[PDB]
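1. Pasting an experimental structure, sequence included:
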Amino acid sequence: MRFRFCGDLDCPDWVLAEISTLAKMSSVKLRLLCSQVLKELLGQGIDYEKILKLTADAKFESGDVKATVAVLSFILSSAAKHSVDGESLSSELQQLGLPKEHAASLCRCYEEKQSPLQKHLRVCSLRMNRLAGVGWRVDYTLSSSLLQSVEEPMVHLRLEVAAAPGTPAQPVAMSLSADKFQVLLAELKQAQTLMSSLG
Amino acid sequence: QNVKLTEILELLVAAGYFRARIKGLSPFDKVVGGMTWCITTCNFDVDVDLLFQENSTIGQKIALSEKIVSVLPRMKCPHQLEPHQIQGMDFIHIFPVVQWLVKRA
Amino acid sequence: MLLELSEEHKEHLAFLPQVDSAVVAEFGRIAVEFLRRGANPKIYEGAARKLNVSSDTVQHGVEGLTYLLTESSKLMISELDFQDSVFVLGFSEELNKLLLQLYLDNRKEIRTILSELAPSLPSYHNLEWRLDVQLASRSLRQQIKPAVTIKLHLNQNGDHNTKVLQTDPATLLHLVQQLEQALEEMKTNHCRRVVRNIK
Amino acid sequence: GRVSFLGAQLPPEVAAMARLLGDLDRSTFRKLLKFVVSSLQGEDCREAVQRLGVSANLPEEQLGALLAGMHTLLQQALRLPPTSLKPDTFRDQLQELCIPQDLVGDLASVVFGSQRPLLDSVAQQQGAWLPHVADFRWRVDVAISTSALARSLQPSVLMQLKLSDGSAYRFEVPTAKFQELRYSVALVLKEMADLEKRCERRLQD
Amino acid sequence: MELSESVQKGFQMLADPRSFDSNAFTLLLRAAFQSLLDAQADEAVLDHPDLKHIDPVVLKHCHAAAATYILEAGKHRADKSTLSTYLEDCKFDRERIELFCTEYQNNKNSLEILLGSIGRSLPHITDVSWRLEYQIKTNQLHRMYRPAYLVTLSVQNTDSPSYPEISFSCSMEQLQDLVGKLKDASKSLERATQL
């Protein structure tokens, strides 16, 4: 019929094919392999030597291990996409042919780390730019060739933007009069007031 | 009764039709879909759609069985079937025929 | 279609027939090393030091053997054709068998190496989508303008290139409808005939 | 029991249009069909469509759906050659249910009229991905002397190339590289001839 | 919805019958609307002899105040109640308020369209084209026989009035993944619609 962990859509074909490959392993070794891939998603790091050693017993070659890791990441992320719980995912996996033992073993670790995973996914979602930092300087002009006496201030601003993780930041520089600075500050405050009522 | 369905679906699970491992559906959908995919993966001269959905009504199913009976002999089937016989779920008449298609696929 | 060898290239294969198969196997291993880890003429100095053998003719022989392997794997010609081709070199049957086996055992890796010589074209790598609705602006305060943000990743000659786009629901539906037609032709009679009669 | 050329499942655009055009007269439909055809050659004809909508008192929400339905139907119809789409099957699929009888004549006339060669010609121009060569100019020199050599006497070729993208390239090309280029071109011609021969022999069985 | 002192003084002056009658008020309001709307305006907005009896300074101050009020109301999507209440706080009558509301209603749609046309956006795609090929050989590879897909996007940048095209090459697996991604986006849109 259909399943929910894939967003209320028919389960893809590659996951169906490769979950059987996942099923030809030991549950305890799964409790460590899924932990490794989940930590990789969480940003701690992945030790491919560890997973190769863990699955070295079954002599799984490049294709099988590749598919297994892909399926683990895909299915875990898809289940966390809709905030699905362990009890429903275990039944759905049972409908997929995975033995109840493996479903229990995997959900033992999946159910106990969903919050950090989901918060990281929220933080690491699609975005175009981000303001890393800001710096400013104030100037007070005294005299000039154009005008003998001025006695008015000026504001210098710098904005640092990170366009992607592990990327150099391209700074932005500009010089502003007092009026533009004040209007910009007022408009920013208006935007914040409009934008703080959504929570 | 399932002593033979287990074997035939296990063969079709490992024959490239891993959808046969699903649970909750009648054997008809699994076996007929496996046969449908096998007839085309081998890819003889086919010029007619075999599209269907699980638990289809007869209004399309009987006609689709008519087309598969029309196309199957044209693809050099080693064994002959009868249009009324396919709805009968004659797994004895399906065990030897799928040997050719499974290995060909 | 068949390796009807060139006379000048054949002249460089005269070193091996006067050499036992024991060192011909080492020369084949050296050819594999030259493909994979690269070529280092200093290995000529090492061979001279360890065997008191001239570097020039050893270089000629290794390069000729490597060229034979490359143009034999480049066509995937059957074993019988290869046996027919090397029958003109006046080589021992054992050496002929060794050459055929060495060629056979390293075809897929070579063809994987050669595929990086074709012209480099922009290629799809990954796609990310975000959904947002515009609510306010500096001129209008209450708005509803839904749009779909897209970040498209492309690879050109080994670099990562990113594009930022935008679209609306109707255009997205049109895109899906067209791309579904794109991968529906390969299941038709014309494409099937073209892809079957060729091989 | 046939599959229509418009896809196994009819797109919503054409299906909705079937109900919409059941009340429009023939003349307004013919004008809209003319506008759609004029759009298929790349011309801008928005203003005339707006004028027609204003004249006929037609909401934009319905005119847009009608235009989309006609454009999609015609685009899918023109993909195939007339050999793969006979008029018989054409109007049989066009089957009267939710269809006028007097409009299929206009559809056939536009598809099978004197404009079909133009549509195919422009349609043929849609099958291009990379730039094509626009011009080719050269100049062969004979180096007599050089700062690093009293008498060189080395023939050389200077090449300039322009592409439809607007790119211009100028570069030198020594003799050996020129021979390599010429051999590659000849080999490509030979292989293209081989494919041309194989196409007829390996697909008419 | 804040307003400045000068606009308040202008609207205070607008109420006085001695300074403006009904006809002068209507003409000033319509002139302000024309100046805000029309793209071919001139000084002719104030060259209507019926208004040639009051000092131009007050005339133009009130003109600017009225234009500012209309702009603010359009920006904040104000309705009848807010305008009526503020005008009542300005010591108006039931005639001037009604005429102001009617004038706002007459050409509200154009003002709503105008303020929604300011700003930039990311490039907006319009359509796609695809070419299906069957790769055979390269210079250093002689037998592949693998289908490949050519794609071309048509996009227009609001920053530059042109139609640049983006081109990329995809394989069947990449095309399937791309189609799946787009279908997921469509399903997300449908989910939003259902709610």
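-> Cool, got the structure. Residues are numbered from 1 along each chain as shown, chains lettered A, B, ... in the order given.

2. Which residue ranges of chain E form strands?
-> Remark: strands assigned in chain E by DSSP state E are E:124-135, E:146-156, E:165-170.

3. can I get those in TSV with distance to chain A?
-> C-betas here are computed from N, CA, C, even on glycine. Formatted as TSV, these follow (distance: least, CB to the nearest CB, whole Å):
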stretch	distance to chain A
strand E:124-135	15
strand E:146-156	16
strand E:165-170	17
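
4. To residue D:76, which of those lies closest?
-> Residue D:76 lies closest, by CB to CB, to one member of those: strand E:124-135, at 14.4 Å.

5. Could you tell me the angle between the direction of the closest one and that of strand E:146-156?
-> 160 degrees (axes from the mean of the first three to the mean of the last three CA atoms, to 10 degrees).

6. ok, the residue in chain C positioned nearest to chain D - how many residues close by?
-> Residue nearest to chain D within chain C: residue C:197 (4.1 Å; CB to the nearest CB). Using other CB atoms under 10 Å in any protein chain shown, residue C:197 has 14 other residues around it.

7. List the contacts of it.
-> Contact analysis of residue C:197 by CB atoms under 8 Å, 6 or more residues apart in numbering or on different chains lists D:202, D:203, D:205.

8. Just give me the closest of those residues to residue C:38.
-> Closest approach between these and residue C:38, by CB to CB: residue D:202, at 41.4 Å.

9. Spatially nearest residue to the closest one (excluding sequence neighbours)?
-> residue C:197 (4.1 Å; CB to CB, 6 or more residues apart in numbering or on different chains).

10. now swap in residue B:70 and tell me
-> Closest to residue B:70 by CB to CB, 6+ apart is residue B:48, at 7.2 Å.

11. Just to check, the one you found is in contact with residue B:74?
-> No - if you go by CB atoms under 8 Å, residue B:48 and residue B:74 don't touch, sitting 9.8 Å apart.

12. Overlap of the contact sets of these two?
-> With CB under 8 Å, 6+ apart, residue B:48 and residue B:74 have no common neighbours.

13. check contacts around the residue nearest the centre of chain C.
-> Centrality entry for chain C: nearest residue to the mean C-alpha point is residue C:115, 2.2 Å, by CA atoms, centre = their mean. If you count contacts by CB under 8 Å, 6+ apart, residue C:115 has them with E:138, E:141.

14. what about it, distance to residue A:68?
-> As judged by CB to CB, to the nearest Å, residue C:115 and residue A:68 stand 26 Å apart.

15. And the one helix or strand residue D:182 maps to, what's buried?
-> Under the criterion of DSSP states H and E, residue D:182 resides in helix D:175-201. When burial is assessed from 16 or more other CB atoms under 10 Å in any protein chain shown, helix D:175-201 yields the following buried residues: residue D:178.

16. Wondering if that helix reaches chain E at all.
-> Yes - Helix D:175-201 reaches chain E (CB under 8 Å from any CB of the partner chain) through D:184, D:191, D:195.

17. and of those residues, the nearest to residue E:189?
-> residue D:195 (44.4 Å).

18. circling back to that earlier point, next, format the contacts of residue C:197 as a markdown table and append neighbour count.
-> Below are the contacts of residue C:197 laid out as a markdown table (neighbours: other CB atoms under 10 Å in any protein chain shown):
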| residue | neighbour count |
| --- | --- |
| D:202 | 14 |
| D:203 | 13 |
| D:205 | 6 |
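
19. Name the residues that touch stretch A:97-106?
-> Applying CB under 8 Å, 6+ apart, the contact partners of stretch A:97-106 are A:19-20, A:22-23, A:25, A:27-28, A:30-31, A:34, A:89-90, A:93-94, B:21-23.

20. do the same with stretch C:18-38
-> If you take CB under 8 Å, 6+ apart as the criterion, stretch C:18-38 is touched by C:16, C:43, C:61-62, C:65-66, C:69-70, C:92, C:94-95, C:98-99, C:102, C:106, C:109-110, C:113.

21. from those residues, which would you call buried?
-> The buried subset of the contacts of stretch C:18-38 (16+ other CB under 10 Å) comprises C:16, C:43, C:61-62, C:65-66, C:69-70, C:95, C:98-99, C:102, C:106, C:110, C:113.

22. what's the most distant pair in the residues you listed?
-> C:95 and C:113 (25.1 Å).

23. residues near the residue in chain D that chain A sits nearest to, how many?
-> Closest residue of chain D to chain A, CB to the nearest CB: residue D:9 (16.5 Å). Residues contacting residue D:9 under the criterion other CB under 10 Å number 8.

24. ok so, going back, quick one: the residue of chain C closest to chain D and residue C:166, what's the gap?
-> Using CB to CB, residue C:197 is found at 44 Å from residue C:166.

25. Most distant residue from the centre of chain E?
-> residue E:142 (58.4 Å).

26. For that residue, give me its contacts.
-> Contacts for residue E:142 (CB under 8 Å, 6+ apart) come out as C:74, C:75, C:76.

27. out of those, who's nearest residue E:33?
-> Nearest to residue E:33 among those: residue C:74, at 77.5 Å, using CB to CB.

28. And the closest one, its phi and psi?
-> Dihedral pair for residue C:74: phi -70, psi -20, per degrees, to the nearest 10.

29. Not counting sequence-adjacent ones, nearest residue to it?
-> Distances taken as CB to CB, 6+ apart place residue E:142 nearest to residue C:74, at 5.1 Å, with adjacent residues excluded.

30. Ok, residue E:24 next?
-> Spatial nearest neighbour of residue E:24, chain neighbours left out: residue E:51 (5.8 Å); criterion: CB to CB, 6+ apart.

31. count of residues packed around that neighbour?
-> Counted with other CB under 10 Å, residues neighbouring residue E:51 total 17.

32. Surely residue C:140 is in a helix?
-> No - going by DSSP: H, G, I helix; E, B strand; the rest coil, the assignment for residue C:140 is coil, not a helix.

33. Count the neighbours of the closest residue to it other than its chain neighbours for me.
-> Distances taken as CB to CB, 6+ apart put residue E:115 closest to residue C:140, at 5.0 Å, once the chain neighbours are dropped. Other residues near residue E:115 come to 18 when the count uses other CB under 10 Å.

34. if I look at residue E:115, how far off is residue C:142?
-> For residue E:115, the distance to residue C:142 - CB to CB - is 11 Å.

35. do the same with residue E:156
-> 28 Å.

36. And those two? Which one has more around it.
-> It is residue E:156, of residue E:156 and residue C:142, that has more neighbours when counted by other CB under 10 Å, with 14 against 11.

37. is it true that the more buried one touches residue E:162?
-> Yes - between residue E:156 and residue E:162 a contact is recorded at 7.1 Å, counting by CB under 8 Å.

38. Helices along the chain, start to end?
-> Because you didn't say which chain, this covers chain A. Secondary structure of chain A, counting by DSSP state H: helices at A:13-23, A:27-42, A:48-54, A:62-81, A:86-95, A:100-110, A:114-123, A:178-195.

39. meant chain E actually
-> Taking DSSP H as the test, the helices found in chain E are E:5-15, E:22-37, E:56-75, E:80-89, E:94-106, E:108-115, E:172-194.
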